[PDB]
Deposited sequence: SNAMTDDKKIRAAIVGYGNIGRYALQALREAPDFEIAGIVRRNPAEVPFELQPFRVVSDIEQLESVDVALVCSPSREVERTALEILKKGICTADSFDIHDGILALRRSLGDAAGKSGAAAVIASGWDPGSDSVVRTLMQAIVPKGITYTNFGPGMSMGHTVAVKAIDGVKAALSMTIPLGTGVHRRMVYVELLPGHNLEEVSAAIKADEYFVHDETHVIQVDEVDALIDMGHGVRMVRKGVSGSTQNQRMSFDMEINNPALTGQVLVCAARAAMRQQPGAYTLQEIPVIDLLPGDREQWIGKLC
């Protein structure tokens, strides 16, 4: 009566998802499906080589999630993913929802911490203070996407882009780079700041000897809403985290995989999942302990 789970994609998120599966008492690890061939678990290139898989934790890069989850859902296997492109979520939900309904499976999508767990908090805040404004403030922490953008710039040997919160959804970017031979900071800094990833934000570029000595997985959020409940003004709420980024994503994936097993066929964001479905075992213990 364990849930048999596979990890699909063994990058940073995959490793932490495995750690979370290992510690979850209601899961059994079916195996790891790896795209790039390279100990107690089966490691395969195709999910069909693992036995009796209930759910797949899709830990692939966002732009590979849809095609990967589609193939799995078509086999009647549930999926959990941490797709992180906010504007692509509705499209993904339509696509995976159609496949899931046809196979009898469920997909729980965009289930990291943002999008994902933060989405649940943001939705709750919107409901209980229906007028007003919510600000989501990230960091300090490494931006994977912005770091990728900097490494693409001519003359950059190594890069780290930190996201720093300045309040009201406004961010500062602190970019640390090693330079390639023959390139000077003046020109590389100018190229970074003009890039579409940086041009709208206060950005500082700092040359360092060793980018790897600066890297840490600590990250966080501060979400704030001020507004009106009913007709009553000046209601204030906030939600903060100081967390290990991929560690939390890995754990939310396990929660989402467990929840996928409890849904009717279709695709769901975490806004669409009762939070109690994210917890192992029957509901009464959690109502009694937490309600």
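**Q** Could you list the ranges of the deposited sequence that have no C-alpha atoms in the model?
**A** Missing from the model are residues 1 to 7, 46 to 51.
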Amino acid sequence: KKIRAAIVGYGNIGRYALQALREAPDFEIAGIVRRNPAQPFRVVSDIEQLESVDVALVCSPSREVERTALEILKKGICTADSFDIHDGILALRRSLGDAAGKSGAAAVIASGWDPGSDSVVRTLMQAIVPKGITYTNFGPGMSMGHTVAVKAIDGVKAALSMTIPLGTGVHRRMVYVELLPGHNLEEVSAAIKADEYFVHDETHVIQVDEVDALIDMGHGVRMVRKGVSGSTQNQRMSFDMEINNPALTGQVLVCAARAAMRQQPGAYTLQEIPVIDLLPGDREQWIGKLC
From here on, numbers count along this sequence of modelled residues.
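**Q** Mean Cα B factor from the PDB record: higher for 214 to 222, or higher for 73 to 81?
**A** According to the PDB entry, the answer is 73 to 81.
**Q** Going by the average Cα B-factor in the PDB entry, point out whether 137 to 145 or 174 to 182 comes out higher.
**A** Per the PDB record, 174 to 182.
**Q** Of the options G266, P246, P40, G230, which has the highest CA B factor as deposited?
**A** Highest CA B-factor of the listed options: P40.
**Q** Go through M237, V44, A260, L253 one by one and give the residue whose Cα B-factor in the PDB entry is largest.
**A** Out of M237, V44, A260, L253, the record gives the largest C-alpha B-factor to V44.
**Q** Ranked by Cα temperature factor within the chain, is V121 in the lowest third, the middle third or the highest third?
**A** Tercile = lowest for this residue's CA B-factor.
**Q** Ranking the modelled residues of this chain by C-alpha B-factor as given in the entry, is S161 in the lowest, middle or highest third?
**A** For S161, the deposited C-alpha B-factor lands in the middle third.
**Q** Within this chain's modelled residues, let me know which third the CA B factor of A24 belongs to: lowest, middle or highest.
**A** It belongs to the highest third of the chain when residues are ordered by C-alpha B-factor.
**Q** Please place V205 in the lowest, middle or highest third of its chain according to the CA B-factor in the PDB entry.
**A** It belongs to the middle third of the chain when residues are ordered by C-alpha B-factor.
**Q** Taking the chain's C-alpha temperature factors as the reference, tell me which third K151 falls into: lowest, middle or highest.
**A** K151: CA B-factor falls in the highest third of its chain.
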